[PDB]
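Participant: Protein chains in written order, with PDB author numbering: chain D, 26 to 243; chain C, 25 to 89; chain A, 92 to 433, 437 to 496, 503 to 806; chain B, 26 to 391; chain E, 24 to 110.
#1: Check whether the Cβ atoms of residue 243 (chain A) and residue 257 (chain A) sit closer than 9 angstroms, and answer yes or no.
#2: Would you kindly report the start and end of the unbroken beta strand (DSSP E) that includes residue 620 (chain A)?
#3: Would you kindly work out how many angstroms separate the C-alpha atoms of residue 487 (chain A) and residue 512 (chain A), rounded to a whole number?
#4: Cβ of residue 188 (chain D) less than 9 angstroms from any chain E Cβ?
#5: Which ranges would you report for the alpha helix (DSSP H) in the segment 138-187 of chain A if only whole runs of at least 4 residues count?
#6: Against chain D, does residue 26 (chain C) count as a neighbour if the rule is that its beta carbon must be under 9 angstroms from one of theirs?
#7: Between residue 263 (chain A) and residue 237 (chain A), how many whole angstroms is the CB-CB distance? I'm expecting something under 8 angstroms.
#8: DSSP state of residue 109 (chain A), grouped into three classes?
#9: Just checking: is the beta-carbon of residue 36 (chain C) within a distance shorter than 9 angstroms of some beta-carbon in chain D?
#10: Can you check which of these residues, A:524, A:467, A:529, is closest to residue 496 (chain A) by C-alpha distance?
#11: How many Å lie between residue 794 (chain A) and residue 223 (chain A) at the Cα?
#12: Out of A:433, A:507, A:634, A:168, point me to the one whose CA is closest to residue 613 (chain A)'s CA.
#13: In chain E, which residues lie with their C-beta within 8 angstroms of the C-beta of residue 201 (chain D)?
#14: How about residue 145 (chain D): is its C-beta nearer than 9 angstroms to some C-beta of chain A?
#15: By DSSP, does residue 49 (chain D) sit in helix, in strand, or in coil?
#16: Reducing DSSP to helix, strand and coil, say where residue 363 (chain B) ends up.
#17: Could you tell me whether any non-hydrogen atom of the ligand FMN is closer than 8 angstroms to the CB of residue 333 (chain A)?
#18: Here's the rule: buried if 16 or more other CB atoms are within 10 angstroms of the residue's CB, otherwise exposed. What is residue 92 (chain D)?
#19: So which of B:204, B:268, B:178 has the shortest CA-CA distance to residue 216 (chain B)?
#20: Hey, does residue 74 (chain E) have any beta-carbon neighbour from chain C nearer than 9 angstroms?
#21: With a threshold of 9 angstroms between beta-carbons, can residue 342 (chain A) be considered close to chain E, or not?
#22: List the residues that DSSP assigns as beta-bridge partners of residue 73 (chain B).
#23: Within the chosen definition, does the segment 336-355 of chain B reach the segment 294-307 of chain B through at least 3 CB pairs nearer than 8 angstroms?
#24: Let me see if you follow: with CB-CB separation under 9 angstroms, is residue 161 (chain D) close to chain C or not?
#25: Look at residue 211 (chain B) and residue 189 (chain B) and say whether their C-beta atoms are less than 9 angstroms apart.
#26: Start and end of the alpha helix (DSSP H) containing residue 23 (chain D)?
#27: Between which residues of its own chain and residue 108 (chain D) is the CB-CB distance below 6 angstroms, once the five residues before and five after are set aside?
#28: How is residue 331 (chain B) classed by DSSP in three states: helix, strand or coil?
#29: Taking the Cβ atom as the reference point for each residue, do residue 58 (chain C) and residue 66 (chain C) lie within a distance shorter than 9 angstroms?
#30: Would you list the residues sitting across from residue 408 (chain A) in a DSSP beta bridge?
#31: Taking C-beta pairs closer than 9 angstroms, name the residues in chain D that residue 93 (chain E) reaches, listed in chain order.
#32: Ignore the nearest five residues each way along the sequence and tell me which others in residue 364 (chain A)'s own chain have a CB closer than 6 angstroms to its CB.
#33: Closer than 8 angstroms, Cβ to any Cβ of chain D: which residues of the segment 351-370 of chain A, in chain order?
#34: Can a CB atom of chain D be found closer than 9 angstroms to the CB of residue 155 (chain A)?
#35: Under 9 angstroms between beta-carbons, which chain D residues line up against residue 480 (chain A)? List them in chain order, please.
#36: For residue 483 (chain A), tell me which candidate among A:472, A:510, A:494, A:515 has the shortest Cα-Cα distance.
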């Protein structure tokens, strides 16, 4: 696939192909360069280029593995913020789907695993490197992601209201009030807690939630 | 792979996240203590630099080879 | 200073990656420096690895080729000698059993019959431990409480070609199980536990039964919430009289409560699509039965390849747990397109269970030619209410033209509610309208038209008949399968029917009954026996006759493999009639205008108003597929039979022709079928031969279906 | 599918010597493909043989025709017999012929009748040949247990234990007796000595040398019969060293880097052995320095050698008998005594030479 | 109107006539938790109170709910007991 050559020619070819937008061939060249010469100067730049190419080529698992390698090999490096941002962005991009995106399906109530991972990674980025140029986009993504995780919680609470499971509803809304206090889903889920408290004849406890609802109404 | 205008740099995945509504805190009425402060899903207040959405440069930084 | 490349040659039974893994354990890999003095060390290291395979005579050579820039290329050559062979397995000290039958259960083999591959005369130290355990279980569950293995030896021939295995044992003596003393902190439930531990006086000791008694006590406690109990048996053997008394300690822990039940891997399936199948729910005392029932229901759903459960304990809480279900999404639905034989001609169709993860079941198909047009829609909501009441509908528009024309369109609605964990009922309403014009006369159809009051001429093709019907649809279903795509145990039953309510032009009633029963043989459920049948019956109410366009057909790839689709059953009988439309060449000789004075037999299938089909099918693993994806392919040998008869055919008048009212004319076939779950949905290939066949039936041995 | 690597070719040579065959008496089924030590035994003017089954026969040494026959098989069904798995070498003494078994049994049949004088059980497979000298019978079993039996009763008198490694060669070294002491070799590579009266140890020593990192790399056991002359004991191991040890102390005199499972001969100042590579060499008793080496029968799987009319005799898996002469180390002649081959040592005494084939037939060669 | 199938919906903390009698005023939170177990439901809006609710909805038969609420002071000492039988 790749002819044997000194590292400089291989890296030149890889850069030329990245600039032309040929992700697959650039990935092949960079992987060959990395395997053949893991000790040379190019050991870092090829890692970064591989991360970028993997992410653009939609080979997200490989991008995640490469980021994991890089974070362990050079836990202190001037461009770590870039790698942390790319980890968060990879986890975010691993969430969306195309078809039900086109048909306008609300994907909030599907698996939130990747959303939580991306939130963790972006939070690490923003708390660690507030001066980096990626902090603003990280904050916007976090503000959206917190409300993509409160919506899932509300979606579970709605079902356990339908099936008439009241303790589950109360606990779920309590968890929402403790974790995602300021989101809109917490304001929508609050009247579900009052109904649950009143279905179990604990009215003296439902009045407190009624007070909270009244004090924050539009 | 593809042929599009400036698809080398910009993010993949549109810009839906820029339309998310801002967050606002709940008010605790008189004579009660809300539990809200107990979470770890905190978003720090930061005035950090940066662009947003498609205006960001994802191209990897250039090591001083 | 560096190895530029590494190559392996001669290895046959060992994947090169395994050798590389062994090589890197010695500190050699691409990019590492190499020392020529250590070449022998690498060779010896690789040599020692093959002892795991039993090829004790193997040898390995390492070749180093210089490369520019002081790089080197390393090439490894392997001489994989023949593996050692088990010459004998000897058991010394056994007096109660024949050494032949003790070995018969061993995983290892000293002899392999020619007529079947019961195993291989190869040696693997991993299997020896399991074989020793099997021997212990065989000896220890026959009452030999004192059985123990003194020592074992594995030996090697001086030519390194043969293996000898010896096992020393001490039998002791048989013992009687005098009684069981279950005691401890039972937390009540003494009634159930005392019954689980029932023994008969003089019953022989049995270790496997003791293990089963412990597992059953664990399961009983786990049913009430104590899902972390402590159960321990401590037999007290008495060699003085050779009685053994089985003391069992039971200590139920704390009743556990479910804090959360979480689903993982449902990347596309909506969350509530999984929760509405659960029987264990948050904030309630735990029950293992319900947690397993949730798995069973999710499996029966059919949307997921694999469903797994977990009950991780909550850290820092003595009496709470979380329940995690990990699912692997399956590519539900089907697609199938095509083009006509011979201008524009094309067919289409899409079916989707779990449409976009919403749980709906949607299906669309149609076709457009010069001859005909056809279209259909179907939408079903499995949970129209929380309990499981479903609501669905259907539309279709059919327009066929030769001349002989048939326009038909209708509607349908059905509301089905459960009656039990496995049973279900249904009800609905339907509407159908049929416009028939210029049908060429024939007995089977003119009889029906006469029953309806129509009196068309028998010698012309210019008569028309139009009708309109309202029906009441009912049904019932029993479902206890293991899975929804490739089941391996359990049965299914599905009764369906309909009847015309007053005011419909034609009066009749119709019934069908599909069945399926899987009986596993192997413990892993790889070898399964499938029993399958279909039935049907219909007739007119009052003086009305059942319409010919609702008849039963059989023959395709769905009912009895081997025969051309819808070719079984009665064949039409044409009256001598004029060519009112046209008389084409090389066609239309059946009772045509020219000649053909009397009634003419034919081979045009018309179906009948009663059916009976059956099938016996044997399922085996696919010979050349790894277990990694052996659950997307199934191979099968089958024996199918079916018949169709017209209960109203009158042989007294049409005596010169076959008696279609005779059920005895059974068809049959046999062959082999292969089934693969392609991205386009299931694909079925089958080769069969109709070794029982009657005049007029059309054979089709190779059949491919979506 | 893949074949063996090495096998030298039958070396052409003229038959300057004039040997011939005889007998070809079929004892029975034979050992077949199994590895065992069922060599014949000769005493007076009669021979005895076994058949890897209950079959035992005593043949006249002048004609090869039987004088009495016996079967030691045991019933296990209406028309079925459980094989005796007879695998011990035949040895003889006054009125008794002693045999071993892999069924843990040991037999002692009357010389004149073949009727069982006595029969007893031992500590596992009695693979080694029984040996008797001025006292009790001695047997070496697969469990590493060395047991002594009363020659007239079969009752165990005393037992000695030796270590057993994970993987070892299929076989057990016969004991050798000298001055009331018995010297044997174990599967661990040690050479041990004991007293006959109660099995008390006298000395122990190591001769194995591989010390590998894995079982077969460590596969080094003293499977040969140790030999004693003039107060010195020689020992050999599969991958170890040919050595000479002082009988009184067990300290080693000299080593030689040779390893094989076949026993070796001793005569004068000359010792002859067969290597694990099937090479034939002669060495000095002084220090083992080589006299001459014959190295053309590579990987033919020869049998143990014997000394007959000054000429070494050996078999192979192809049924040939090779005659070697001390005058030059050259081959004097060759025959094809049997079709199936030989996997059992030949025997010779009183000018008579004989050997048992792998198929059960017994041949006499002169 | 008519309805024909619904599962058994068990919710809450499993109380019994034995354990409910063990608890008495003056017990610390540790002892109450040991006796009755960890409560599935507590008061979040600033107050020490444990709700032991025992719901059972056996199909179409009906519904039963024992409600046992315990109020502790700031130091975790049980000051008041109030158990309310079925609805």
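Built from N, CA and C at the ideal position, the CB exists for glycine as well.
Facilitator: Walking through what the data contain:
#1: yes
#2: 608-620
#3: 5 angstroms
#4: yes
#5: none
#6: yes
#7: 3 angstroms
#8: helix
#9: yes
#10: A:467
#11: 60 angstroms
#12: A:634
#13: In chain order: nothing, as chain E lies at least about 11 angstroms away.
#14: no
#15: helix
#16: coil
#17: Absent from the structure shown: the ligand FMN. Ligands present: none.
#18: buried
#19: B:268
#20: no
#21: no
#22: B:66, B:83
#23: yes
#24: yes
#25: yes
#26: This structure leaves residue 23 (chain D) out entirely; chain D is present only between 26 and 243.
#27: 92, 95
#28: strand
#29: no
#30: Looking at the DSSP assignment, residue 408 (chain A) forms no beta bridge with any residue, so it has no partner.
#31: Ordered by position in chain D, no residue passes the 9 angstroms Cβ test against residue 93 (chain E), which lies about 14 angstroms from the chain.
#32: 453
#33: 354, 355, 356, 357, 358, 359, 360, 361, 362, 363, 366, 367
#34: no
#35: 184, 187, 188, 189
#36: A:515
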